[PDB]
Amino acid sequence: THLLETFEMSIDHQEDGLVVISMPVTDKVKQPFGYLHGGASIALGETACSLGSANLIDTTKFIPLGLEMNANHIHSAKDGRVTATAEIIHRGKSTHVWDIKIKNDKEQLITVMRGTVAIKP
């Protein structure tokens, strides 16, 4: 579990094609200046869509591998919690594509992301 544990992530909701994961903005995940590290936000996103893809496939026959991730950083986070909402865009045979939005307490967009997950035999 341990990066999920390291960042103290909590899965707030899962259903087919939708994953919501939150985490506290603490000093251990901040940049030095310091705001929430952009990379920590991206890691939260990649966690959410990887979990979503795993939930959509037969994990005894297939494995979901993060293939491509991209992200725009929009607003900063200094404290409280941030929440990633991952919604599936495309559930293909060999790839899943996910839209992920990461917000702070004040409902501001911190990071917007798209992730492509490879579905491998």
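Heads up: residue numbers just count along the shown sequence, starting at 1.
Between 22-30 and 68-76, name whichever shows the higher mean Cα B factor according to the PDB entry.
-> Averaging CA B-factors over each stretch, the winner is 22-30.
Per the entry, higher mean C-alpha B factor between 78-86 and 43-51 | On average, C-alpha B-factors are higher across 78-86.
Based on the PDB record, which member of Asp99, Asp12, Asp16, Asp105 exhibits the highest Cα temperature factor?
-> If I rank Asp99, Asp12, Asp16, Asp105 by C-alpha B-factor, first place goes to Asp105.
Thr1 - Cα temperature factor, lowest/middle/highest third of chain | Its C-alpha B-factor, which the entry lists for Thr1, ranks in the highest third among residues of this chain.
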